[PDB]
Each structure stands twice: as structure tokens, then as C-alpha cells.
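Starting from 1, each residue takes its place in the sequence as its number.
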Amino acid sequence: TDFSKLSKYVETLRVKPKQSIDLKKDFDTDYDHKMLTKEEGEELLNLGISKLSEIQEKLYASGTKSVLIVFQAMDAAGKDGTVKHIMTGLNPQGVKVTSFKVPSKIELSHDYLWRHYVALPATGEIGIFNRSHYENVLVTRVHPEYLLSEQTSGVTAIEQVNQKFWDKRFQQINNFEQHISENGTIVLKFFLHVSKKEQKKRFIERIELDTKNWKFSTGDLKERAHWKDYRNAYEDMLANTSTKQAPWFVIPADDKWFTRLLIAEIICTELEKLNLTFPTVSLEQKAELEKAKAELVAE
Ligand SMILES: O=P(O)(O)C(Nc1ccc(Cc2ccccc2)cc1)P(=O)(O)O
């Protein structure tokens with residue numbers, strides 16, 4: 001069955017703990033051997049959103065768990081659109097998106113995890129980090145001068161930054177994710193993997209659409225010039241922070257409907273392992289219900 005074929009492909013996207021990573025070679029930005037049509041993918045994606053909605057309702061109602069979903073990607077990979085698609089299927093009461101911008105002055109007076117810790121989901125809730133704590137081994141690794149504005153980083157000069165520094169943040173991040181995973185949080189992390197070619201095509205398409213044009217600010221393409229350093233930082237990150245307990249998935253991003261299908265599928269699969277059910281109505285509660293109803297009929 002197609003779904004079964006989809007389910008098998010999905011497992012190839014999970015980053016194994018003791019695996020090495022080459023994003024050019026070991027992971028696709030688009031997939032040729034798609035086991036379904038686009039119109040089928042849209043159908044299935046819609047079933048996924050409804051299932052996720054049922055899960056969210058059960059989670060809010062009864063569950064002893066929280067859920068944290070992380071999105072990282074290069075610009076124009078489809079990250080915001082994906083977040084938005086997932087989100088509008090869900091109850092706003094139980095879901096919270098946090099897009100972490102450049103740190104505030106206050107946030108810069110705490111360690112780099114603090115603001116992420118502060119924003120964690122409460123039990124019964126779903127938190128989505130659109131960008132995350134991982135920016136601290138990505139954008140700040142490509143742009144290590146940013147560490148000089150970090151009063152907690154202990155970096156007065158970029159020569160001080162080396163591989164041990166990054167290893168040490170990887171260990172911090174893992175410890176953090178392990179702690180929350182051992183205290184009720186399900187952690188799931190998605191890297192939307194767009195090709196340099198497709199990013200260009202999307203950038204040009206945005207530049208030529210007058211409806212979207214006004215959102216461009218000076219230097220929005222700067223990160224594309226550091227494509228290779230980002231690739232490197234992503235590779236090293238993915239090889240050292242995917243655990244069985246807090247896995248990374250590398251999602252091909254060059255076809256958006258498919259990217260969305262995959263993420264919805266993985267989230268459903270993973271949260272289905274919690275065996276969430278609605279509360280059931282005991283005899284005592286049943287009695288109360290029938291008593292309440294009799295009072296209304298008798299007014
Ligand atoms: O989903 P939408 O909101 O319609 C699009 N978002 C978007 C974000 C930033 C910009 C400014 C910009 C950035 C780089 C190159 C040229 C222009 C334009 C549009 P999209 O994510 O679908 O592209």
C-alpha cells in the first residue's frame with residue numbers, strides 16, 4: 001500500500017545517533033520515487049491534520065505529556081508555511097508557536113538556553129519553536145562575532161572559538177533535551193532541507209511578486225552567500241544532537257506539498273505511540289448526567 005510505502009520512506013529520514021552526515025550525498029532535497037500523486041498527497045495531508053487535531057484534543061484533555069516540535073531550515077525552505085499549515089488545523093488553546101528573533105537585551109543577559117526554557121510547553125500542550133535553541137550552533141557559528149554581544153558566552157575574541165566550543169554546546173543541548181524528555185516532553189526536530197538551486201528559484205519568484213515585495217529588507221540574501229558554512233554547521237549539528245529520544249528528521253523541502261505530508265505523517269506516527277484516549281464516563285458521572293438532565297426536563 002502507498003501509505004505503507006510512505007511509512008517506509010519516512011524511516012530513511014530519521015537521523016541515527018551514530019551516523020555521519022553529508023547533506024549533498026546522504027539526504028535528498030527532493031525525492032524522485034514519490035509513491036503518490038500530488039492530489040493524493042493533499043488528500044492524505046488533510047487526513048493527517050484531522051488526526052493531529054484529535055491527538056491535540058486528547059493531549060490537552062488528559063495527557064501527562066507536553067510536545068515540543070522544532071523547525072530549522074535555510075530561508076525559503078517553506079518553514080513558516082509548513083508551521084502555518086499544521087497550525088490552523090489545531091485548537092489555539094493548546095498550541096503555541098514561538099518564532100525566536102534576535103535576542104533582546106534581557107535575553108542576552110541570560111545564557112542562550114534560558115529563553116527557550118522559559119517558553120517550553122506546559123503539560124497537555126504543544127509548543128512549536130520556529131527557529132530554536134539550535135540557532136546558537138548555526139547562525140552564531142557562521143557569524144561568530146555575534147558571540148561578542150553575548151555577555152554569558154565567555155567569548156572576547158573569535159580566535160577563541162573552535163570545535164570544542166561547539167561540541168560543548170552540543171552536549172548542553174543534549175542534556176537539556178534529555179532532561180525535558182525524562183520529565184514529560186516529547187521532542188521532535190525537523191530540518192527542512194532545500195537545495196541551493198530551489199532556494200534561488202523561490203527568492204526570484206518572491207522578488208517578482210508585487211504582493212510579497214515589500215517584505216524584503218536590505219541584506220535578506222546575505223545568508224545565501226554563506227551556504228557552505230551553514231551546510232557544515234548543520235551537518236556537525238545533526239551528527240551530534242539526534243538521539244533516539246530526541247530525533248532529527250531531514251525532510252526534502254524542494255516540493256512543498258510533500259514536505260508537509262511528511263512532517264504531518266511523522267508527527268502523527270510519533271504521537272500515536274502515546275496511546276492517547278479521551279476520558280471515559282464512569283457510572284458515577286453517568287448518574288450525575290442523568291440527574292442533571294432530569295432537573296432540566298422537570299423545570
Ligand atoms: O508565505 P509568504 O508570506 O507568502 C512568503 N514569505 C516571504 C518572506 C520574506 C519575503 C521577503 C524576501 C526575502 C527574500 C527574497 C525576496 C523577498 C517574501 C516573502 P514565502 O515563504 O511563500 O516565500
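At least one donor-acceptor pair closer than 3.5 Å links the side chain of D26 to the backbone N or O of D22. When atom types are taken as modelled, the side chain of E125 and the backbone of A122 share a donor-acceptor pair closer than 3.5 angstrom. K189 places a side-chain N or O within 3.5 Å of a backbone atom of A246 that can act as its donor or acceptor partner. A distance-only check finds no donor-acceptor pair linking the side chain of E135 to the backbone of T140 [under 3.5 Å]. The backbone N or O of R260 sits nowhere less than 3.5 Å from a side-chain atom of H85 that would complete a donor-acceptor pair. The backbone N or O of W257 sits nowhere less than 3.5 Å from a side-chain atom of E42 that would complete a donor-acceptor pair. At least one donor-acceptor pair closer than 3.5 Å links the side chain of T259 to the backbone N or O of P252.
Each of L188 and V15 belongs to its own hydrophobic cluster when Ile, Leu, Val, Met, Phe, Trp and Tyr are linked at side-chain heavy-atom distances under 4.5 angstrom.
Side-chain N/O atoms of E223 and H143 include a donor and acceptor closer than 3.5 Å. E57 and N91 form no side-chain donor-acceptor contact under 3.5 Å, judged by distance and modelled atom types alone. No donor-acceptor contact under 3.5 angstrom links the side chains of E150 and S153, judged on distance only. Checking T29 against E198 by side-chain atom types alone, no donor-acceptor pair falls below 3.5 Å. Between the side chains of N240 and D236, at least one donor N or O sits under 3.5 Å from an acceptor N or O. Side-chain polar atoms of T123 and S66 form no donor-acceptor pair below 3.5 angstrom. No hydrogens or angles considered: nothing links the side chains of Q56 and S53 as a donor-acceptor pair under 3.5 Å. Residues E54 and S50 bring no donor and acceptor atom of their side chains to less than 3.5 Å of each other.
No more than 12 heavy atoms of other residues, nucleotides or ligands sit less than 6.0 Å from atom NZ of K200. Around the CD atom of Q93, the shell of radius 6.0 Å holds no more than 12 heavy atoms that belong to other residues, nucleotides or ligands. Within 6.0 Å of CD on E182 lie more than 12 heavy atoms contributed by other residues, nucleotides or ligands. For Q163, the CD atom is densely surrounded, since the number of other residues' heavy atoms within 6.0 Å is greater than 12. More than 12 heavy atoms of other shown residues, nucleotides or ligands fall within 6.0 angstrom of atom NZ in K273.
When the side-chain contact (heavy atoms from CB on, under 4.5 Å) test is applied to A119, the partners found at least two apart in sequence or on another chain are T98, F100, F129.
Here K79 contributes atom NZ and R131 contributes atom CZ; the two are 4.5 Å apart, rounded to the nearest 0.5 Å. Note that CG of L138 and CG of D229 are 12.0 Å apart. Values are rounded to the nearest 0.5 Å. In this structure, CD1 on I128 lies 6.5 Å from CG on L90, to the nearest 0.5 angstrom. One finds the OG1 atom of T243 at 7.0 Å from the CD atom of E177 (value rounded to the nearest 0.5 Å). With values rounded to the nearest 0.5 angstrom, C268 atom SG is found 4.5 Å from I55 atom CD1. Note: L238 CG to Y134 OH = 9.0 Å, rounded to the nearest 0.5 Å.
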In residues 205-216, what donor-acceptor pairs under 3.5 Å come from side-chain atoms, sequence neighbours left out?
| from | atom 1 | to | atom 2 | distance (Å) |
| --- | --- | --- | --- | --- |
| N213 | ND2 | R206 | O | 3.2 |
| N213 | ND2 | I207 | O | 2.5 |
| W214 | NE1 | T211 | O | 2.9 |

* To do: Could you go through the side-chain contact (heavy atoms from CB on, under 4.5 Å) check for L59 and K65 one step at a time?
  => CA-CA 7 Å; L59 184 81; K65 307 278 178 199; 4.0 Å; yes
* Step by step, would you call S181 with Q178 a side chain to side chain donor-acceptor pair (under 3.5 Å)? -> CA-CA 5 Å; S181 290; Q178 175 171 334; over 6 Å; no
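Between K196 and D254, no side-chain nitrogen of the basic residue sits less than 4.0 Å from a carboxylate oxygen of the acidic one, so the salt-bridge criterion is not met.
Taking the six-membered ring where the residue is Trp, the centroids of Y234 and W248 are separated by 6.0 Å or more. Here the two rings, on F176 and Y117, have centers that are under 6.0 Å apart.
Within the cation-pi definition used here (under 6.0 Å to the ring centroid, within 45° of the axis), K34 qualifies as a partner of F258.
Applying side chain to side chain donor-acceptor pair (under 3.5 Å) to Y112 and the options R169, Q172, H133 leaves one that passes, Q172.
Ring geometry for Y31 versus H33: interplanar angle over 60°, hence perpendicular rather than tilted (30 to 60°).
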